[PDB]
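What follows is a set of notes on a single structure, which appears directly below.
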Amino acid sequence: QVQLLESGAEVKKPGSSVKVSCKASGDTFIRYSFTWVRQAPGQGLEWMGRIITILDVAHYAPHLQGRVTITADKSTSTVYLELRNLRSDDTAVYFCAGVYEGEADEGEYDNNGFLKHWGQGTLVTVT
Amino acid sequence: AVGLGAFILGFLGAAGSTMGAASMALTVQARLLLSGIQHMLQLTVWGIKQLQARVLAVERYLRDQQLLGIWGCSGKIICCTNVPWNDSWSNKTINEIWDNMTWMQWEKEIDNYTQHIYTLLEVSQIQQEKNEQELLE
Amino acid sequence: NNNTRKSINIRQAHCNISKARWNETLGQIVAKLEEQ
Amino acid sequence: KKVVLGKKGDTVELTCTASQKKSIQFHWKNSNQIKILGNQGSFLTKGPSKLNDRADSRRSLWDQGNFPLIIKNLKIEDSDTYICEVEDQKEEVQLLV
Amino acid sequence: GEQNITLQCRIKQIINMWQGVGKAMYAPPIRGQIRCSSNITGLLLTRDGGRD
Amino acid sequence: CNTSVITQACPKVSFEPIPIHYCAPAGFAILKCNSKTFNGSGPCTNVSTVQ
Amino acid sequence: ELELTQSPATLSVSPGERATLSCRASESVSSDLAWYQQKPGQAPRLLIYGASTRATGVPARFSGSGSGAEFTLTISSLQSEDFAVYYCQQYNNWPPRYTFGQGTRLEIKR
Ligand SMILES: *[C@@H]1O[C@H](CO)[C@@H](O[C@@H]2O[C@H](CO)[C@@H](O[C@@H]3O[C@H](CO)[C@@H](O)[C@H](O[C@H]4O[C@H](CO)[C@@H](O)[C@H](O)[C@@H]4O[C@H]4O[C@H](CO)[C@@H](O)[C@H](O)[C@@H]4O)[C@@H]3O)[C@H](O)[C@H]2NC(C)=O)[C@H](O)[C@H]1NC(C)=O
Ligand SMILES: *[C@@H]1O[C@H](CO)[C@@H](O[C@@H]2O[C@H](CO)[C@@H](O[C@@H]3O[C@H](CO)[C@@H](O)[C@H](O)[C@@H]3O)[C@H](O)[C@H]2NC(C)=O)[C@H](O)[C@H]1NC(C)=O
Ligand SMILES: CCCCCCCCCCCCO[C@@H]1O[C@H](CO)[C@@H](O[C@H]2O[C@H](CO)[C@@H](O)[C@H](O)[C@H]2O)[C@H](O)[C@H]1O
Ligand SMILES: *[C@@H]1O[C@H](CO)[C@@H](O[C@@H]2O[C@H](CO)[C@@H](O)[C@H](O)[C@H]2NC(C)=O)[C@H](O)[C@H]1NC(C)=O
Ligand SMILES: *[C@@H]1O[C@H](CO)[C@@H](O[C@@H]2O[C@H](CO)[C@@H](O)[C@H](O)[C@H]2NC(C)=O)[C@H](O)[C@H]1NC(C)=O
Ligand SMILES: *[C@@H]1O[C@H](CO)[C@@H](O[C@@H]2O[C@H](CO)[C@@H](O)[C@H](O)[C@H]2NC(C)=O)[C@H](O)[C@H]1NC(C)=O
Ligand SMILES: *[C@@H]1O[C@H](CO)[C@@H](O[C@@H]2O[C@H](CO)[C@@H](O)[C@H](O)[C@H]2NC(C)=O)[C@H](O)[C@H]1NC(C)=O
Ligand SMILES: *[C@@H]1O[C@H](CO)[C@@H](O)[C@H](O)[C@H]1NC(C)=O
Ligand SMILES: *[C@@H]1O[C@H](CO)[C@@H](O)[C@H](O)[C@H]1NC(C)=O
Ligand SMILES: *[C@@H]1O[C@H](CO)[C@@H](O)[C@H](O)[C@H]1NC(C)=O
Ligand SMILES: *[C@@H]1O[C@H](CO)[C@@H](O)[C@H](O)[C@H]1NC(C)=O
């Protein structure tokens, strides 16, 4: 039942990091798992990683493990992505997506990767 | 025998018998002994466990029989020493102890003194050895 | 084996306890607690 | 008694400690011997107390030999003597609000 | 006359561990039938005492 | 007080208990209290020895 | 990571025809794939949950099934509304290392 609102666009010199975030609203933050997707121009929906909000853990695609951090602020219902050591290869529209975990608050978490809720896309480029 | 007490090194008697009764029973059994008058893996496993228990008890027995020589009691089940009882260790008489108490109760009665007594026994043996070698000259 | 899923169930089960035995059991427990 | 004073609306951490750091059972009781908090195995339990919806404990510190009781949103009615029972020893702290 | 006391049960995936402080997640439930038949042999009770 | 996290597979397995017997090693023995009213801390007057 | 290969992109299917889309995994999937619809400027909406469950709001027209490493998607009575690129995603990965394929775009023959 969650709407995901992306933040503003960014342009960074290579080697810098970019902080991208999404505000989740309309339901309990803790009941949704979130992922990040990198829509590089000409590419498919590259998966970057996923964050679990009860057990505050995250997993990342192997090539980004030394580059990407996914975190969240439980008090502002906000999902955050920080990607470091930017390259022109990282030009992409970045976005959040997520799923509803049934009664996750009570320990009934499903652990789904089937994304239903998607943001509009944040464009990040380099200069 | 050796199964008295329901265990190896329970040789002197049944647990629960008085000290006196156990001694008398031991003598009778000794006279009788000298007068002389279904296959599964677990059998292997437990056969080994049983042998280990028996071998260990024998090794401990033999070791202690030699260690006791330090007090002049090697090779013995029942020894006799020249160290006085000292009264304070226990105020009971010979008959009171031997007739009414069992061995565990007795050890509880005097376990605040056994390290002291062991020391006295060693000292007596040292003096006895010294005296004998002085006489042999 | 007759469960569904709920979202916006499978995680639903039940346990049956003999009523007669449970109440008799408590009566005996109570008798001992009463003595104490 | 150790005396700790808080104020209405604040949060106070009262503590019990041990020389042994891990796997220690402890309980917190009030002066009328009503259980508030306790450790069963690795789990936090609560007693039949007026503080059940305010009392808590930092579970991560239990293996450090530190067994705190935290009372959130203090009221004047919470002023009391709080009793620690840790292992064999007892400790008393007075809470004023 | 029902003669059956019934308990409502849930299967959880995120649980507190009994072997130490911490939480753990287990994979979701089996889709077929789960059956358990147990003997209640004892109870663990605590008392509610106090000056009042 | 940071967190240590392990991520690993969850295969499903069959899980049902087997009664386990504890046994004394050589040199040791286990005493068993055979009283039917033993309360957990008193003396036991009917004691047997088992491995 | 496990690669997902689809049929060639730009499948010219006339509106009203039944489109056939597919996905091959490098490794078996226990009915753990998903299909998504992407249009330029739009979110890549979930269409099929697992190998065959229709996602919320998905019409009867859009459906599919499969097993192992071989999955099939079809669109009945293809509409002008359906001309998008359909992506294949795989979830039987733990620790997560989820993957997507490149997807196949439908086209109107001219
Ligand atoms: C107290 O003691 C009693 C007995 O002394 C214990 O009771 C036993 O509890 C176990 C737990 O389930 C139960 O075992 C099942 O018996 C069924 C009889 O055929 C089996 O079919 C079943 O195996 C399936 O389920 C397992 C679940 O983990 C799977 O691991 C296993 O591979 C099998 O799974 C297949 O079949 C299922 C069917 O729905 C399907 O969904 C799966 O996908 C898969 O296809 C178990 O063996 C015993 O039978 C119980 N004993 C009795 C007499 O009932 C009791 O648990 C003890 N109490 C406690 C608390 O431990
Ligand atoms: C209290 O709960 C118990 C469950 O533990 C109920 O017992 C079960 O009652 C059902 C009633 O139909 C029995 O079903 C029967 O199963 C046999 C199996 O072959 C079938 O042939 C019969 O036609 C029927 O389906 C079920 O077996 C029985 N469970 C057991 C273990 O016997 C009990 O009835 C409940 N009590 C009341 C008052 O309802
Ligand atoms: C691991 C298994 C090892 C084998 C264990 C065997 C134990 C069997 C014990 C049998 C005891 C027989 O019975 C007892 O023996 C001792 C042996 O000194 C006798 O004792 C006699 O010798 C000792 C020492 O010389 C004197 O201190 C004692 O005054 C004298 O009477 C007892 O008068 C007799 O009653
Ligand atoms: C557990 O007990 C409940 C009742 O308390 C059983 O449900 C009943 O089963 C009978 C059998 O025909 C039905 O007629 C009743 O209508 C059922 N009751 C309800 C409320 O639905 C239940 O089946 C028992 N569990 C098992 C495993 O048998
Ligand atoms: C749980 O299931 C067992 C059987 O698996 C039930 O025991 C049977 O109950 C019926 C009721 O008439 C008896 O006829 C059977 O002989 C019982 N079986 C055995 C092996 O004793 C048991 O009652 C069930 N529990 C509950 C609460 O209903
Ligand atoms: C002490 O406990 C033992 C163990 O239960 C009792 O002896 C058992 O008595 C039953 C009676 O039929 C026999 O079948 C067992 O074989 C006996 N066991 C053993 C190991 O001998 C014994 O009677 C109890 N003694 C007292 C005084 O209560
Ligand atoms: C188990 O029973 C024994 C008695 O057989 C209890 O021990 C007695 O406790 C009272 C309490 O004041 C003492 O006065 C007695 O001297 C005790 N008797 C002995 C022989 O020690 C024992 O407390 C009971 N244990 C439990 C767990 O209830
Ligand atoms: C136990 O007491 C009875 C009482 O007559 C006695 O016959 C029996 O031999 C005693 N057992 C032991 C080990 O002394
Ligand atoms: C043992 O006897 C000596 C003899 O003088 C005495 O001094 C000592 O105090 C006695 N032991 C005890 C425990 O009384
Ligand atoms: C030791 O026994 C004698 C015997 O009359 C007694 O008077 C004395 O008080 C006893 N000693 C103790 C400490 O009981
Ligand atoms: C419950 O106790 C009875 C008593 O004989 C036993 O037969 C039965 O198998 C027990 N049930 C379980 C689950 O162990």
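Residue numbers (our numbering), protein chains in the order written: chain A, 1 to 127; chain B, 128 to 264; chain C, 265 to 300; chain D, 301 to 397; chain E, 398 to 449; chain F, 450 to 500; chain G, 501 to 610. Don't be surprised by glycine CBs; every beta carbon is placed ideally from N, CA and C.
Backbone secondary structure at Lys420(E) - three-state DSSP: The three-state secondary structure of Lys420(E), taken from DSSP, is strand.
Whole-angstrom C-beta distance between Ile370(D) and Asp378(D), which should lie under 8 Å: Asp378(D) to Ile370(D), Cβ: 12 Å. No contact.
Chain A within 8 Å of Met414(E), Cβ atoms only: No, its Cβ sits nowhere closer than 8 Å to a Cβ of chain A.
Residue from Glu387(D), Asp310(D), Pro368(D) and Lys322(D) whose Cα sits closest to the Cα of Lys375(D): Ranking the options by Cα distance to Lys375(D), first place goes to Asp310(D).
Cutoff 8 Å: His63(A) Cβ touching any chain F Cβ: No - not a single Cβ of chain F is within 8 Å of the one on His63(A).
CA-to-CA distance, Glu223(B) to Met146(B), given in whole angstroms: Roughly 10 Å separates the two Cα atoms.
Length of the line joining the Cα atoms of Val499(F) and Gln410(E): Roughly 43 Å between the two C-alpha positions.
Inter-residue spacing [alpha-carbon to alpha-carbon] between residue 502(F) and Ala458(F): No answer is possible for residue 502(F): it lies beyond the span of chain F, which begins at 450 and ends at 500.
Closer than 9 Å at the beta carbon, the chain E residues around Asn332(D): Neighbours of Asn332(D) in chain E, taken as residues at a C-beta separation under 9 Å, are given in chain order as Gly447, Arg448 and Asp449.
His470(F) - DSSP class collapsed to helix/strand/coil: Looking at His470(F) - three-state DSSP - the assignment turns out to be coil, as it is neither helix nor strand.
Cα-Cα separation, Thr229(B) to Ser360(D): If you take the alpha carbons of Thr229(B) and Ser360(D), they lie about 52 Å apart.
Cβ neighbours of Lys485(F) in the same chain (closer than 6 Å, five flanking residues each side left out): Apart from sequence neighbours up to five positions away, no residue of its chain approaches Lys485(F) with a beta-carbon distance below 6 Å.
Against chain C: residues of the segment 90-115 of chain A by CB proximity under 7 Å: Those residues of the segment 90-115 of chain A that come within reach of chain C (Cβ to Cβ, closer than 7 Å) are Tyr100, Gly102 and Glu108.
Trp173(B), DSSP secondary structure in three states: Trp173(B): helix per DSSP, three-state reduction.
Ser435(E) beta carbon near ligand 5 (any heavy atom closer than 7 Å): Because no heavy atom of ligand 5 lies under 7 Å away, the Cβ of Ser435(E) does not count as near it: no.
Integer Cβ distance of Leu573(G) from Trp535(G), believed to fall under 8 Å: Confirmed, Cβ separation roughly 6 Å.
Check: residue 492(E) C-beta below 7 Å from any heavy atom of ligand 5: Because chain E spans 398 through 449 in this model, residue 492(E) falls outside it and cannot be assessed.
Closer than 9 Å at the beta carbon, the chain G residues around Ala458(F): Think of a sphere of 9 Å around the beta carbon of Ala458(F): the chain G residues whose beta carbon falls inside it are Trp594 and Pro595, in chain order.
Cβ-based burial, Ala157(B) [other Cβ within 10 Å; buried from 16]: Answer is exposed; the Cβ neighbour count stays below 16.
Contact check, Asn112(A) vs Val99(A), beta carbons under 8 Å: Cβ atoms of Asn112(A) and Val99(A): closer than 8 Å.
is_contact[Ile30(A), chain E] using C-beta, thresh 8 Å: No, its Cβ sits nowhere closer than 8 Å to a Cβ of chain E.
By C-beta, the residues closer than 5 Å to any heavy atom of ligand 9, given in chain order: Look at which beta carbons fall closer than 5 Å to any heavy atom of ligand 9; those residues are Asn213(B) and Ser215(B).
Neighbourhood of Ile336(D) by C-beta distance below 6 Å, restricted to the same chain and skipping five residues each side: Once the five neighbours on either side are set aside, the close Cβ partners of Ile336(D) are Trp328, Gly347, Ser349, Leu351 and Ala355.
Three-way DSSP call (helix, strand, coil) for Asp356(D) in this model: Three-state result, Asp356(D): strand.
Nearest neighbour of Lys321(D), chosen from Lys301(D), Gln389(D) and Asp363(D) [CA to CA]: Per the C-alpha coordinates, the member of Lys301(D), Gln389(D) and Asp363(D) positioned closest to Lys321(D) is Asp363(D).
Opening and closing residue of the beta strand (DSSP E) in which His278(C) lies: Counting along the chain, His278(C) sits inside the beta strand (DSSP E) bounded by residues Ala277 to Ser282.
Nearest-angstrom Cα separation, counted from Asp73(A) out to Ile51(A): Cα-Cα distance, rounded: 12 Å.
Beta carbon of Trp118(A) nearer than 8 Å to that of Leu4(A): Contact: yes.
Cβ neighbours of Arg518(G) in the same chain (closer than 8 Å, five flanking residues each side left out): By the criterion of a C-beta distance shorter than 8 Å, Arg518(G) is surrounded in its chain by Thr574, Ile575, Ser576, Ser577 and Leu578, once the five residues flanking it on both sides are discounted.
From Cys206(B), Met231(B), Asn227(B) and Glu259(B), residue whose alpha carbon lies closest to that of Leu248(B): Out of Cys206(B), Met231(B), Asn227(B) and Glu259(B), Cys206(B) has the C-alpha closest to the C-alpha of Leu248(B).
Same chain, Cβ closer than 7 Å to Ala61(A), five either side skipped, listed in chain order: Around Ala61(A): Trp47, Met48 and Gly49.
Which residues DSSP lists as bridging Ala569(G), in chain order: For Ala569(G), which the question treats as bridged, DSSP gives no partner whatsoever.
Within the segment 331-392 of chain D, ranges of the beta strand (DSSP E) (whole runs, at least 3 residues): The beta strand (DSSP E) runs of length 3 or more contained entirely in the segment 331-392 of chain D are, from start to end of the chain, 335-340, 343-346, 366-371 and 380-386.
Limits of the unbroken beta strand (DSSP E) element including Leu195(B): Unbroken run through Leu195(B): none, as it is neither H nor E.
Status (buried if at least 16 other CB within 10 Å, exposed otherwise) for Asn209(B): It is exposed - the Cβ of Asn209(B) has fewer than 16 other Cβ atoms within 10 Å.
Cα-Cα separation between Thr241(B) and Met231(B), rounded to whole angstroms: Distance from the CA of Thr241(B) to the CA of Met231(B), rounded to the nearest whole angstrom, comes to 14 Å.
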